[PDB]
Ligand SMILES: COC1=C(OC)C(=O)C(C/C=C(\C)CC/C=C(/C)CC/C=C(\C)CC/C=C(\C)CC/C=C(/C)CC/C=C(\C)CC/C=C(\C)CC/C=C(\C)CC/C=C(/C)CCC=C(C)C)=C(C)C1=O
Ligand SMILES: CCCCCCCCCCCCCCCCCC(=O)OC[C@H](COP(=O)([O-])OCC[N+](C)(C)C)OC(=O)CCCCCCCCCCCCCCCCC
Ligand SMILES: CCCCCCCCCCCCCCCCCC(=O)OC[C@H](COP(=O)([O-])OCC[N+](C)(C)C)OC(=O)CCCCCCCCCCCCCCCCC
Ligand SMILES: CCCCCCCCCCCCCCCCCC(=O)OC[C@H](COP(=O)([O-])OCC[N+](C)(C)C)OC(=O)CCCCCCCCCCCCCCCCC
Ligand SMILES: CCCCCCCCCCCCCCCCC[C@@H](O)O[C@H](CO[C@H](O)CCCCCCCCCCCCCCC)COP(=O)(O)OCC[N+](C)(C)C
Ligand SMILES: CCCCCCCC/C=C/CCCCCCCC(=O)OC[C@H](COP(=O)(O)OCCN)OC(=O)CCCCCCC/C=C/CCCCCCCC
Ligand SMILES: CCCCCCCC/C=C\CCCCCCCC(=O)OC[C@H](COP(=O)(O)OCCN)OC(=O)CCCCCCC/C=C/CCCCCCCC
Ligand SMILES: CN(C)C(=N)NC(=N)N
Ligand code: SF4
Ligand code: SF4
Ligand code: SF4
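In structure tokens, the structure reads:
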């Protein structure tokens, strides 16, 4: 997640389509997004680390959220009304099929819907940012960098601390 | 020189000719080759309606006369 | 009928031009691209703050003079009456009163902007 | 192919308008800006080429960084460049804008406007003549001609 | 067929707007010892096309602080009213033969005033706000002066119908009849159309593009098109009102040619004035009309009320 | 900003459109010229003066050369001094053209700008012929001038001087008696003689206020 | 009267060889003047002069349609002129290369090259000096 | 001596008062401005048809730099570093060593064209007329690095523009 990302922008761009369609209301999906600067710093450190030659690293954020809580926090930071509703999986897949006929960059696809519904895996054995020397940056600190653009003039100047952190699942 | 301004002015003039000439041609075409009737008052509008009624073809510009009375 | 049709035509053409403008070209908008313009530096305050209007009195006088022109507009038909003497007298009465209002405001410095 | 032919002709059409309708931002620094004024002067009239100065960065296509860029001025130049909408091109003019110029080893000079904004054309001189800047503008136009955005999209 | 007539009125007007852009460029160039556009096509004839394509293929942006609803409406209103002002003009046959063919023009102009106001206010920028208030002041001044001048000139005519204006000017010209009102009306049309020396709402030297500072790409091109269409329309209105061409019912093409020539002469005079003169200051413009034009305008209105009565030359009502 | 000369930040406090205070922020074109001069030699520091007021180049060069010659206790030859005076007056014409035309452009008049800038192009041709650089000549140096005039420069300067009074007259036909220009410029920025002297104004400011002073 | 000027225009149409040549010169040079041919170089560029025109427009060049390996029918550069015609065109002298050829040297390039920027022929900077410090080379024979 | 620019006063006689009133009501000076603008419209423009017509220049013109040679083909530069010493912008870097034949010749001669101020001191200080500022000025590049010249690039410029540079030096060397 970052300024030019897909994740936060994709979740914050559902304003135009009325409410927010979620599979099982987003109650069965757990995700821990990772900060772009943290990913880049880890990539740079892996180059300079001599004993990371043939390894596999997992880069995840410090907090795990339910999908519903994450989208609710995204809309709260963007200061947009949040109106979620459950959409059955086959209907959401058909909707994604409709949107992928765009010759240009599609807004959403069936694979994107599948990935959004899928929960992030837990891989304790693989190393991570703490092993590469990077402290993972929590979402609550850098969320305002991405979601301030999605606000209106009414709430443009609202401060970072004005929105409570989302309910984590740890 | 200064005469290279003329072609742009000529094109603009040609563009400005089109509205009035087109309107005149459409008026003549849709009014039986005559000027579109100007009805600024109820009397002239009633004249147009009577012309429609007497024509028998529901067109006011179709004019009937002595050959029609007899 | 025709006037409504041509109003619809003009509005539809303008809306289609807006749609073409906002959907044909490539869009790449970020926070700094859409920021307000203040000649390269950030604005000190907000553009929604009160903005002093030094000609407030002239606007009210404009309201009254708009009423005056509203009264004076039907003159071309008023010249077709038989009572030409009365019509001319009342038209000149209205115009003289308008001139007197302008003269009073000018002499009392209502036309001078606030400092 | 029909599709490749259509996109090639469409790309030529689009690049022609942008090539022949350059609207530089009214933006000059230091001595190099006077040569822009002499370029706009009757002797080397820029308007005949389709090059018209506009004041608002929103209504501008090209930024001519003409003159010395200082540390106190760099944020403003970056801000106006950002506020200029795409497609946007940059022509740096003179040694100060190219590199450091006469003031390269100065505490209050940015050694090159390309440290701040991506530069498309570099015009060398101190100051480059109006003819030199006109040559740079024509070179920028030729660079625009070689862009193939629809051709990149079709084969993407 | 009426839709075909509407299209024939609309599209050539936009073409004339683009080539007026080109003509103004070249005229100013040759008055300033330059050449103007002569590279894009033969004598620069493709320059308007290149500029239009560039503007409509460039990215438009909406400011973060802008009110988007009124940000989009303003160019729509401006262009729609600029195109709508052309429907009652007789050349020599109007598209829409309104009985009150002048009050419609006044009302639509007063409505087109709000386009720049709403564009400036919606932009949520200080220069746009300043341009909007300059528009307010300019509208005040030219509105009152235009109203009285038009009342007097049409009082010489008999009604508010432009075909009746043609019939009135069959023999001689309203410029001969009422040249002082003609000069003041020309100044008022300059102020109404926001041309130099009264380009205060978009004063480039004092403000960075004024009310349209935040407008780019297509929406800006719509403001430019509306401005130039208003320029041509007001010059055509002045030509019809003061320079009456002879009309032959059987061959109405001669009237169209004369009308277009007079309109082009007046538009070139507009460009000539812009090249020649500096810019006013909006308080000086307000004091120019209220303190100089308005008294003389009232005096001339009284004179033109009294003249037909005292000379037994009151025009026919119909 | 078009009227801010590109590199001036003027923080203004406005009540409506009336000005309450002006707070010019300068230094956006600060380069450290004096420090660099301290680090350069006397010959290597002349172009710094050449680039200080880039509308009076040979005038800045002449001032620096006079300072260095005064410190050196030497004297330029008479031909060098005459060349310096001639090109100083040519540069004064250049600067006054630029000033008046940009003033009229900020006010709303551009055709005088274009005409007088064609004249400026001719004077740039003179500069380039005498020095090789169109504006930043670096021609006047401590001790005289770098090189002698070419064998047609005096005749061309005579032709230009002969055909320039008409240009000035055409400029005056457009602004001097124009009522709009008089409205814009008359009684604007009035400075008294005592205030000008105390604030340290020099040249055209003092002479406009009425002070009979010319160096 | 304007009749004489119209005749001059028609002569320029005929002077260029007809409608085809007139249009070709008009659409690639934006000027349809005719003047004496001073000369032509090896690359196809033609050079004309007309002293009746004011200083600045009394010498001009019609660029070739193909230079080296580039199709230069439309995209004409200001750097395509070789040095001698460049000097004559920019009026550093009144003597054309045809009348006054320059001195011939064994090192001067035979074929002029225009601005090669943006092409695989562009200049790329590098250090022209060798390595200052020589590293020690350990022996290839083990000590043990 | 001195003169007053604005110190006149208008005569108050009836004819002059009426003339001023006519000028106020009938915009005489505005018509004069229109007439001047119309005159300029009917005049001939000064625009040259670039790039087919080039602006005038002089043999003293300072353009792109070049390294010259003797007619024998030997390089003129003797690595004396006078240009490097006198360069106001420190845009010249020179490193030399004895050549295979013992000549005093440079191995590195770099000029930074983004740092040079084109002041011409290097060609003044050269005692062998090796470094010159040639007549070319149309050498704008699309990348920054292309403007960091070295000895090979400057020698190529000298070989490319040798005829014109030699002609200009012959024309202007009696004033130096
Ligand atoms: C240091 O800093 C500097 C300063 O200090 C800050 C300075 O002061 C200066 C000095 C600067 C100056 C002196 C410059 C000022 C002086 C000047 C003279 C500048 C003048 C500027 C102007 C006149 C600008 C005005 C022009 C503009 C903005 C261009 C706008 C162009 C347009 C075309 C407008 C848009 C029009 C449109 C969109 C019309 C579109 C039409 C339609 C949609 C109609 C469609 C019709 C159809 C489709 C019909 C088709 C029919 C047919 C037959 C075609 C079919 C054929 C097919 C092939 C299909 C300088 C240099 C400087 O450096
Ligand atoms: C005088 C007229 C005034 C009004 C003019 C109104 C506009 C008229 C414009 C006509 C030409 C339009 C050409 C396409 C412009 C694309 C702009 C753009 O952003 O492109 C980049 C984009 C680039 O896409 P991308 O895939 O590279 O996007 C990734 C971009 N990054 C990496 C930065 C995120 O191209 C496209 O999106 C493809 C567009 C395809 C074409 C769309 C339809 C055009 C139809 C035109 C008429 C066709 C007529 C029939 C064929 C005739 C053939 C001779
Ligand atoms: C004729 C009516 C037109 C109405 C307006 C339509 C927009 C186009 C206006 C005219 C200008 C055209 C210019 C050239 C083409 C570019 C514009 C264009 O076509 O964009 C298309 C857009 C383009 O996407 P874009 O965002 O990349 O647009 C930019 C385009 N370029 C790259 C060229 C700059 O594509 C689509 O819309 C594809 C998906 C179509 C189906 C979904 C539509 C939106 C969702 C609606 C349904 C939501 C609920 C789903 C479930 C429904 C059932 C329950
Ligand atoms: C169902 C339609 C809803 C439309 C809603 C939007 C428009 C609202 C105004 C009413 C409809 C338009 C006018 C209909 C006239 C019907 C009668 C007719 O044809 O009369 C012939 C008359 C003919 O002229 P006449 O009346 O002098 O002559 C009588 C007829 N003869 C010639 C026979 C003697 O037409 C007119 O007079 C033209 C008047 C036009 C007035 C237009 C007013 C509305 C302008 C816009 C208002 C909204 C502004 C919004 C601003 C932006 C907001 C975001
Ligand atoms: C309403 C919707 C939009 C309408 C758009 C279509 C209407 C306009 C049609 C196109 C306008 C004319 C384009 C062609 C311009 C020719 C001018 C000529 O000079 O250009 C030459 C050739 O033009 C371009 O090189 C080729 C690209 C332009 C033509 C594209 C192919 C046709 C595209 C489709 C046109 C019809 C549109 C159909 C789909 C809408 C080379 O010029 P250039 O080298 O630079 O100039 C160098 C400077 N010189 C002159 C001094 C030497
Ligand atoms: C006429 C309307 C008023 C009727 C009586 C109402 C009295 C109480 C209401 C007062 C409001 C009226 C205000 C208008 C007049 C007051 C204006 C005023 O005080 O000064 C008038 C002003 C002063 O100018 P200066 O002193 O030179 O300025 C110096 C600046 N340094 O001069 C004027 O007189 C201008 C007035 C012009 C219009 C006056 C209207 C009256 C004229 C009536 C003539 C027609 C009579 C009809 C007879 C017909 C015979 C056949
Ligand atoms: C009839 C055949 C004979 C022809 C000769 C007759 C001509 C003489 C007729 C009477 C002439 C009237 C002269 C009065 C005008 C002079 C008044 C005057 O000078 O006022 C001074 C002063 C100067 O203005 P300032 O604001 O100070 O300028 C800024 C300075 N820093 O002016 C004023 O104060 C304003 C005076 C009131 C203005 C009145 C204007 C409105 C009335 C005119 C409308 C038309 C006339 C109305 C009907 C007239 C008949 C009743
Ligand atoms: C005088 N200088 C340096 C300007 N930039 N001037 C200007 N009017 N833009
Ligand atoms: S490169 Fe030279 S002329 Fe240009 S701004 Fe720098 S010092 Fe001035
Ligand atoms: S011209 Fe001047 S700044 Fe440039 S390299 Fe030569 S001595 Fe250095
Ligand atoms: S002054 Fe001349 S000889 Fe000396 S190092 Fe420089 S280029 Fe070589």
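Protein chains in written order, with the authors' numbering: chain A9, 207 to 376; chain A1, 1 to 70; chain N3, 1 to 115; chain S7, 41 to 196; chain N1, 1 to 318; chain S2, 94 to 308; chain AM, 2 to 145; chain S8, 37 to 212.
From the three backbone atoms N, C-alpha and C, an ideal C-beta is built for every residue, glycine too.
Checklist entry - Helix, strand or coil: how does DSSP classify residue 110 (chain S2) here? => result Your numbering for residue 110 (chain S2) matches position 17 in the sixth chain. Three-state result, residue 110 (chain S2): coil.
Checklist entry - Nearest chain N1 C-beta to residue 20 (chain AM) closer than 8 Å, yes or no? => result On the seventh chain, residue 20 (chain AM) is found 19 positions in, with the first residue counted as 1. Interface flag for residue 20 (chain AM) against chain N1 is unset, since no Cβ pair is found closer than 8 Å.
Checklist entry - Can you check whether the CB of residue 94 (chain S8) is closer than 8 Å to the CB of residue 225 (chain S2)? => result Against the sixth chain, residue 225 (chain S2) aligns to sequence position 132. Against the eighth chain, residue 94 (chain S8) aligns to sequence position 58. Cβ distance < 8 Å, so residue 225 (chain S2) and residue 94 (chain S8) count as in contact.
Checklist entry - How would you call residue 4 (chain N3), buried or exposed, if buried means at least 16 neighbouring beta carbons within 10 angstroms? => result Along the third chain, read from residue 1 onward, the residue named residue 4 (chain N3) stands at position 4. It is exposed - the Cβ of residue 4 (chain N3) has fewer than 16 other Cβ atoms within 10 Å.
Checklist entry - Between the C-alpha atoms of residue 326 (chain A9) and residue 235 (chain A9), what's the straight-line distance to the nearest angstrom? => result Your numbering for residue 326 (chain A9) matches position 120 in the first chain. Your numbering for residue 235 (chain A9) matches position 29 in the first chain. Their backbone Cα atoms lie some 8 Å apart in a straight line.
Checklist entry - If you run the structure through DSSP and keep just helix, strand and coil, what is residue 171 (chain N1)? => result Counting from 1 along the fifth chain, the entry for residue 171 (chain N1) is found at position 171. Coil at residue 171 (chain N1), not helix or strand.
Checklist entry - Which residues in the same chain as residue 231 (chain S2) place their Cβ atom closer than 6 Å to its Cβ, once the five residues preceding and following it in sequence are excluded? => result Residue mapping note: residue 231 (chain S2) aligns to position 138 of the sixth chain, counting from 1. For residue 231 (chain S2), where only same-chain residues beyond five positions count, the Cβ hits under 6 Å are 139, 140, 143.
Next on the checklist: Could you check whether the Cβ of residue 169 (chain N1) sits closer than 8 Å to any Cβ belonging to chain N3?
Outcome noted: Position 169 of the fifth chain, counting from 1, holds the residue named residue 169 (chain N1). No, residue 169 (chain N1) lies away from the interface with chain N3 (no Cβ there is under 8 Å from its Cβ).
Checklist entry - Does the beta carbon of residue 99 (chain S7) come closer than 8 Å to any beta carbon on chain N3? => result Stepping through the fourth chain from its first residue, residue 99 (chain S7) is reached at position 59. No, its Cβ sits nowhere closer than 8 Å to a Cβ of chain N3.
Item to check | Test: residue 272 (chain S2) CB closer than 8 Å to a CB of chain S8 | outcome: To locate residue 272 (chain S2), count along the sixth chain from 1; it is residue 179. Using beta-carbon distances, residue 272 (chain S2) counts as an interface residue toward chain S8, with a partner under 8 Å.
Next on the checklist: I'd like the list of long-range same chain contacts for residue 147 (chain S8), defined as Cβ closer than 7 Å, with 5 residues on each side in sequence excluded.
Outcome noted: Residue 147 (chain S8) sits at position 111 when you count from the first residue of the eighth chain. Short of 7 Å from the beta carbon of residue 147 (chain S8), and not among the five residues preceding or following it, lie these beta carbons of its own chain, in chain order: 101, 127, 128, 185, 190.
Next on the checklist: I need the straight-line Cα distance from residue 42 (chain AM) to residue 45 (chain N1), nearest angstrom please.
Outcome noted: The residue given as residue 42 (chain AM) occupies position 41 in the seventh chain. The residue given as residue 45 (chain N1) occupies position 45 in the fifth chain. One Cα belongs to residue 42 (chain AM), the other to residue 45 (chain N1), and the distance between them is close to 34 Å.
Item to check | Completely contained alpha helix (DSSP H) runs for the stretch 23-64 of chain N1, where each covers 4 or more residues | outcome: As far as the stretch 23-64 of chain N1 is concerned, its whole alpha helix (DSSP H) runs of at least 4 residues are 47-57.
Next on the checklist: Just to make sure I have the definition right: I need the residues of chain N1 whose C-beta is within less than 7 Å of the C-beta of residue 82 (chain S8). Which are they?
Outcome noted: Start at 1 with the first residue of the eighth chain, and residue 82 (chain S8) comes out as number 46. Think of a sphere of 7 Å around the beta carbon of residue 82 (chain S8): the chain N1 residues whose beta carbon falls inside it are 33, in chain order.
Checklist entry - When every heavy atom of ligand 6 is checked, does at least one fall within less than 7 Å of the C-beta of residue 97 (chain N3)? => result In the third chain, counting from the first residue as 1, residue 97 (chain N3) sits at position 97. Yes, Cβ of residue 97 (chain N3) sits closer than 7 Å to a heavy atom of ligand 6.
Next on the checklist: Since residue 173 (chain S8) and residue 75 (chain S7) should fall inside the 8 Å C-beta cutoff, what is the C-beta to C-beta distance between them, to a whole number of angstroms?
Outcome noted: Mapped onto the eighth chain, residue 173 (chain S8) falls at position 137. Mapped onto the fourth chain, residue 75 (chain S7) falls at position 35. About 12 Å; that fails the 8 Å criterion.
Item to check | Close beta carbons around residue 116 (chain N1), own chain, < 6 Å, minus the five adjacent residues each side | outcome: The sequence position of residue 116 (chain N1) within the fifth chain is 116, counting from 1. 135, 201, 211.
Checklist entry - For the stretch 149-161 of chain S7, which residues have a CB atom closer than 7 Å to at least one CB atom of chain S2, in sequence order? => result Look at the stretch 149-161 of chain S7: the residues with a C-beta under 7 Å from a C-beta of chain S2 are 149.
Next on the checklist: So, with DSSP's three-state summary, where would you put residue 195 (chain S8)?
Outcome noted: In the eighth chain, the residue the question calls residue 195 (chain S8) occupies position 159. Looking at residue 195 (chain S8) - three-state DSSP - the assignment turns out to be helix.
Next on the checklist: Classify residue 197 (chain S8): buried if its beta carbon has 16 or more other beta carbons within 10 angstroms, exposed otherwise.
Outcome noted: Taking the eighth chain and counting its residues from 1, one reaches residue 197 (chain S8) at position 161. The residue in question, residue 197 (chain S8), is buried, as its Cβ has 16 or more Cβ neighbours within 10 Å.
Next on the checklist: Which residues of the stretch 68-80 of chain AM have a Cβ closer than 7 Å to any Cβ of chain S7? Give them in chain order.
Outcome noted: Residues of the stretch 68-80 of chain AM with a C-beta atom less than 7 Å from some C-beta of chain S7 are 76, 79, listed in chain order.
Next on the checklist: What are the residues in the stretch 119-140 of chain AM lying within 9 Å of chain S8 by C-beta distance?
Outcome noted: Of all residues in the stretch 119-140 of chain AM, only 119, 123, 124, 125, 126, 127, 128, 129, 130, 131 place a beta-carbon less than 9 Å from a beta-carbon of chain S8.
Checklist entry - Pick from 180 (chain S2), 114 (chain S2), 178 (chain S2), 209 (chain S2): whose alpha carbon is nearest that of residue 193 (chain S2)? => result Taking the first residue of the sixth chain as 1, we reach residue 193 (chain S2) at position 100. The shortest Cα separation from residue 193 (chain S2) among 180 (chain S2), 114 (chain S2), 178 (chain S2), 209 (chain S2) belongs to 209 (chain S2).
Next on the checklist: Tell me whether the stretch 74-85 of chain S8 and the stretch 26-34 of chain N1 touch, counting them as touching only if at least three CB pairs, one residue from each stretch, are closer than 8 Å.
Outcome noted: Yes, they touch.
Item to check | residue 43 (chain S8) - DSSP class collapsed to helix/strand/coil | outcome: For this step, residue 43 (chain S8) is matched to residue 7 along the eighth chain. Looking at residue 43 (chain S8) - three-state DSSP - the assignment turns out to be coil, as it is neither helix nor strand.
Checklist entry - Using a C-beta to C-beta distance shorter than 7 Å, which residues of chain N3 count as neighbours of residue 260 (chain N1)? => result Taking the first residue of the fifth chain as 1, we reach residue 260 (chain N1) at position 260. Those do not exist, as residue 260 (chain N1) stays about 21 Å from chain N3 at its closest Cβ, beyond 7 Å.
Item to check | Local Cβ density within 10 Å of residue 158 (chain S8), reported as buried at 16 or more and exposed below that | outcome: Position 122 of the eighth chain, counted from the first residue, corresponds to residue 158 (chain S8). Under the 10 Å beta carbon count, residue 158 (chain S8) is surrounded by 16 or more other beta carbons and is classified as buried.
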